[PDB]
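Working notes, beginning with the structure itself.
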Amino acid sequence: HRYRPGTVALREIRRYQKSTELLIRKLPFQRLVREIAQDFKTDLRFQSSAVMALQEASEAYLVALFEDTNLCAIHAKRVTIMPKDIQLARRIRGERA
Amino acid sequence: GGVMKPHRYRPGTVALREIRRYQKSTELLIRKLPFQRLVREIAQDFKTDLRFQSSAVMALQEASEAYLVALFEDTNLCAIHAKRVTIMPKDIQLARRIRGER
Amino acid sequence: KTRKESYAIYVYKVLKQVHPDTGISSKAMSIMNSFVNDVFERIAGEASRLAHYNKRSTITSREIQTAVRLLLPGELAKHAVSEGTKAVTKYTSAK
Amino acid sequence: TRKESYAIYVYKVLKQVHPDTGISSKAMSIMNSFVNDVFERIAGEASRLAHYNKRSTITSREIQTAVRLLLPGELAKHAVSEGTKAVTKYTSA
Amino acid sequence: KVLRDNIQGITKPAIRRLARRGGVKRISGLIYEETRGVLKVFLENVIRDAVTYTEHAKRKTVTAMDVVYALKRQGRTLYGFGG
Amino acid sequence: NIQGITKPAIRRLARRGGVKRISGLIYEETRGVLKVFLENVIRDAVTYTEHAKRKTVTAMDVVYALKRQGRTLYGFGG
Amino acid sequence: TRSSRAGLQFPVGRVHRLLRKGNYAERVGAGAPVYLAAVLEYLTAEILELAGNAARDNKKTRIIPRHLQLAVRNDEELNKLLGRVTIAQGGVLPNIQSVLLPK
Amino acid sequence: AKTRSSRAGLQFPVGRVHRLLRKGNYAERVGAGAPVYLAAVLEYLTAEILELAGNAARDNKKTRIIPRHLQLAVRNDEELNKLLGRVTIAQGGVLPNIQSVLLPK
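Chains as they are written, first to last, in PDB author numbering: chain e, 39 to 135; chain a, 33 to 134; chain d, 28 to 122; chain h, 29 to 121; chain b, 20 to 102; chain f, 25 to 102; chain c, 16 to 118; chain g, 14 to 118.
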């Protein structure tokens with residue numbers, strides 16, 4: 039049949055919140071990191087452990103940011119996070135100007 | 033034969049006037065002596081028989097007013113994001129949650 | 028082969044002291060070691076800042092206690108203080 | 029007793045930049061606080077770098093990289109240029 | 020002399036004035052007590068830290084430097100009173 | 025390159041964050057925030073590496089970079 | 016050792032050495048390494064205690080990071096202490112906002 | 014010249030900086046170029062801030078720089094503001110700013 043819109047999302051929330059495995063596949067993330075790093079210095083090497091630490095920190099930060107964003111969107115009587123929500127969150131945090 | 037009064041202001045105008053007025057000056061807004069009494073009480077409950085340098089109280093009041101002004105700024109931001117114009121308690125709680133305060 | 032150090036073994040002894048029939052994973056071991064380093068650093072730095080603030084040259088047990096009372100939340104700090112004072116009294120008892 | 033301050037040097041700099049402009053006592057205190065704060069931050073960052081590199085001394089390299097970690101882009105760049113220039117002048121003289 | 024209910028010394032007009040300096044235009048009635056609570060929390064934390072420093076110092080009087088140290092501890096550094 | 029952070033991956037992250045409904049422009053905004061965050065952290069990490077006179081960025085350098093930013097990380101020799 | 020004399024498991028001498036080499040002050044008294052080691056040992060005892068509890072709840076024999084994250088975040092005081100710390104392989108606590116729940 | 018500041022052509026006291034570094038337990042030993050470098054950095058930051066502070070005082074037709082000026086200066090300059098983004102200035106006040114939706118139409 040069909041699941042009503044908005045149900046499979048709840049299942050996935052239960053699913054992902056119970057595990058801890060990283061959610062971004064490694065290789066694209068690593069290539070992004072190397073691209074970004076290149077702009078500060080040429081011919082640079084990275085310990086895989088360093089890349090893993092970068093990914094850990096980045097994903098944890100993103101999850102926290104989304105938590106705050108969902109909180110904002112709920113406050114705005116909404117259920118769909120929208121860019122303005124992230125902007126408000128970061129602004130209050132003090133990260134964005 | 034009577035005495036008539038000219039008119040009456042629309043609401044919110046003096047709010048804006050006050051806003052600019054207090055955004056131009058810097059003088060402290062909370063009255064001093066109640067603040068000192070409150071601080072003395074709070075310290076008392078942390079430990080009895082403490083005395084204070086006035087300058088210490090002043091620094092405390094400055095930090096408190098600064099903190100509160102920033103808090104109100106963030107509250108106003110939240111109020112606006114909630115398509116409202118009156119700040120409401122839940123706005124403060126949201127601000128303090130996002131700030132990482134408890 | 029470089030002889031790098033850690034807190035592992037003592038963490039394991041404590042763990043046995045609280046949950047005798049339990050193990051721990053290597054990644055959790057490293058996490059624990061990082062936690063110990065972090066707390067050590069914070070308390071030590073707070074002690075040093077005390078020492079500077081009071082114009083004195085010695086980070087003593089008293090500095091450690093007051094730093095513990097600055098850094099840790101209420102109940103955790105209370106118990107920290109109790110334990111530390113206890114161990115110190117014992118250490119001065121022996122020699 | 030002697031209560032050291034950066035008051036005099038701040039005055040010198042001010043007159044260097046604004047000869048015709050005074051500073052209030054409160055402003056002077058604030059400036060002093062800023063100076064001390066920046067000093068402490070840079071010094072702590074440099075000490076941290078020294079420790080991380082298992083090194084027992086602070087050289088102008090540690091200070092320079094500390095500045096690079098602390099100040100923002102243009103501010104850091106000009107500060108670095110000034111620091112290196114002062115170091116070179118001191119070494120020559 | 021005992022001190023009691025000094026939190027209400029933070030009168031409504033004062034909180035309104037602050038909110039004006041914060042850019043607020045229209046203030047809900049319940050905002051005042053919530054603001055009182057927030058101020059009480061913040062003051063409790065800062066005074067706990069400052070009193071701690073004073074205790075270590077073995078002083079019966081709180082000095083501005085104690086306040087400044089406490090504030091810097093809270094990641095809320097203050098200029099204008101030394102340090 | 026940056027786009028390699030696939031939209032569904034962003035969805036997965038958000039789900040772990042507790043989000044139920046996601047907008048289109050979100051994905052790109054999240055990409056931007058991630059790019060900035062990485063930029064800061066990697067900048068600091070390189071700075072640390074450079075002062076070490078090493079061509080290989082180490083984990084420890086990442087750790088100090090995160091600690092500077094008040095985003096302390098555990099599990100990599102803290 | 017000195018740990019033996021103080022009823023601790025944590026290496027006092029290690030703490031003493033680190034206190035010296037970390038340039039925290041010119042001179043270091045005698046109690047301080049003992050006290051700091053005792054406090055550290057107490058805290059890690061607490062962390063391990065709760066993490067083992069969690070692992071038992073999850074029916075596991077060896078503590079893995081997820082257990083540590085659960086113990087930390089679920090507890091109020093530990094969570095406050097680790098306010099600015101992200102634990103590798105830690106995840107988040109299960110939590111769904113009401114309005115998102117089905118009606 | 015005798016003063017090390019004169020050797021480095023600096024207004025700040027290099028000697029005082031050197032003492033401070035040594036009396037701060039930042040490391041076992043202190044190099045000779047670090048006091049000079051740090052003094053130069055401090056001088057540069059002070060000059061940069063004072064420039065804007067004096068300019069602000071001018072804008073308010075005032076001969077003396079008062080805290081309000083220091084605030085205005087720092088908060089208007091993006092980089093300085095970022096350096097002091099977590100700092101409070103006694104008597105600083107705030108930049109005049111009113112949200113758009115609060116303006117009458």
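Beta carbons: idealized from backbone N, C-alpha and C, even for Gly.
Comparing C-alpha positions only, which one of the options sits nearest to residue i?
| i | options | result |
| --- | --- | --- |
| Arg-134 (chain a) | b:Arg-45, b:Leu-22, b:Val-57 | b:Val-57 |
| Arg-78 (chain f) | e:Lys-115, e:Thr-80, e:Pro-43, e:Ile-74 | e:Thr-80 |
| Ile-74 (chain e) | f:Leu-97, f:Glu-53, f:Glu-52, f:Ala-69 | f:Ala-69 |
| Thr-87 (chain d) | c:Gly-98, c:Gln-84, c:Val-87, c:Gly-44 | c:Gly-44 |
| residue 166 (chain h) | h:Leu-42, h:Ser-84, h:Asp-48 | Look at the range of chain h in this structure, 29 to 121, and you will see that residue 166 (chain h) is not part of it. |
| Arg-39 (chain b) | a:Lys-37, a:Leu-92, a:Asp-77, a:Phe-104 | a:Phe-104 |
| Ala-104 (chain d) | c:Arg-35, c:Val-30, c:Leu-51, c:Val-107 | c:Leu-51 |
| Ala-66 (chain g) | h:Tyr-34, h:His-46, h:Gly-101 | h:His-46 |
| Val-38 (chain h) | h:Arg-30, h:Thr-29, h:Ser-52 | h:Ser-52 |
| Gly-98 (chain c) | d:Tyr-80, d:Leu-98, d:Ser-120 | d:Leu-98 |
| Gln-104 (chain g) | a:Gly-132, a:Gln-85, a:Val-101 | a:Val-101 |
| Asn-38 (chain c) | h:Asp-48, h:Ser-75, h:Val-108, h:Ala-94 | h:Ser-75 |
| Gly-48 (chain b) | b:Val-60, b:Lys-31, b:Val-21 | b:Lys-31 |
| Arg-77 (chain c) | c:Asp-90, c:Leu-58, c:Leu-63, c:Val-54 | c:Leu-63 |
Could you check where the beta strand (DSSP E) with residue i kicks off and where it finishes?
| i | result |
| --- | --- |
| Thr-80 (chain e) | Careful: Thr-80 (chain e) lies outside any beta strand (DSSP E) and carries neither H nor E. |
| residue 8 (chain b) | As shown, chain b starts at 20 and ends at 102. That puts residue 8 (chain b) outside it, with no answer to give. |
| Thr-101 (chain c) | 100-102 |
Does residue i come within less than 7 Å of chain c when only Cβ atoms are used?
| i | result |
| --- | --- |
| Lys-40 (chain d) | yes |
| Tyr-37 (chain d) | yes |
| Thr-107 (chain e) | no |
Output yes if chain h places a C-beta closer than 7 Å to the C-beta of residue i; else output no.
| i | result |
| --- | --- |
| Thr-73 (chain f) | no |
| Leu-51 (chain g) | yes |
| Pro-80 (chain g) | yes |
Indicate whether at least one CB of chain d lies closer than 7 Å to the CB of residue i.
| i | result |
| --- | --- |
| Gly-102 (chain f) | yes |
Is there at least one Cβ from chain e nearer than 7 Å to residue i's Cβ?
| i | result |
| --- | --- |
| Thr-96 (chain f) | no |
| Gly-56 (chain f) | no |
Does chain g have any CB closer than 7 Å to the CB of residue i?
| i | result |
| --- | --- |
| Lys-117 (chain h) | yes |
| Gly-99 (chain b) | yes |
Hey, is residue i's beta-carbon within less than 7 Å of any beta-carbon in chain b?
| i | result |
| --- | --- |
| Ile-102 (chain g) | yes |
| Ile-51 (chain h) | no |
| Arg-35 (chain g) | no |
| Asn-60 (chain d) | no |
| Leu-58 (chain g) | no |
| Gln-93 (chain a) | no |
Report the partner residues of residue i according to the DSSP bridge assignment.
| i | result |
| --- | --- |
| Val-81 (chain b) | a:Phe-84 |
| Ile-51 (chain h) | g:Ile-78 |
| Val-114 (chain c) | According to DSSP, which records beta bridges pairwise, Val-114 (chain c) is partnered with nothing at all. |
| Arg-42 (chain g) | h:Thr-85 |
| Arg-45 (chain b) | a:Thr-118 |
When you compare the CB of residue i with every CB in chain a, is at least one pair closer than 7 Å?
| i | result |
| --- | --- |
| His-39 (chain e) | no |
| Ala-114 (chain e) | yes |
| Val-87 (chain g) | no |
| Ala-33 (chain b) | yes |
| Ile-111 (chain g) | yes |
In the DSSP assignment, the alpha helix (DSSP H) including residue i goes from what residue to what residue?
| i | result |
| --- | --- |
| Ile-36 (chain d) | 35-45 |
| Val-70 (chain f) | 48-76 |
| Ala-52 (chain c) | 46-72 |
| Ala-86 (chain g) | 80-89 |
| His-106 (chain d) | 101-120 |
| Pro-32 (chain b) | 31-40 |
| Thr-93 (chain h) | 88-98 |
| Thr-45 (chain a) | 45-56 |
| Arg-35 (chain c) | 27-36 |
| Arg-17 (chain g) | 17-20 |
Does the CB of residue i have a neighbour CB from chain f at under 7 Å?
| i | result |
| --- | --- |
| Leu-96 (chain c) | no |
Fill in: Sequence ranges, alpha helix (DSSP H) only - wholly within the segment 85-128 of chain a, length at least 4
86-113
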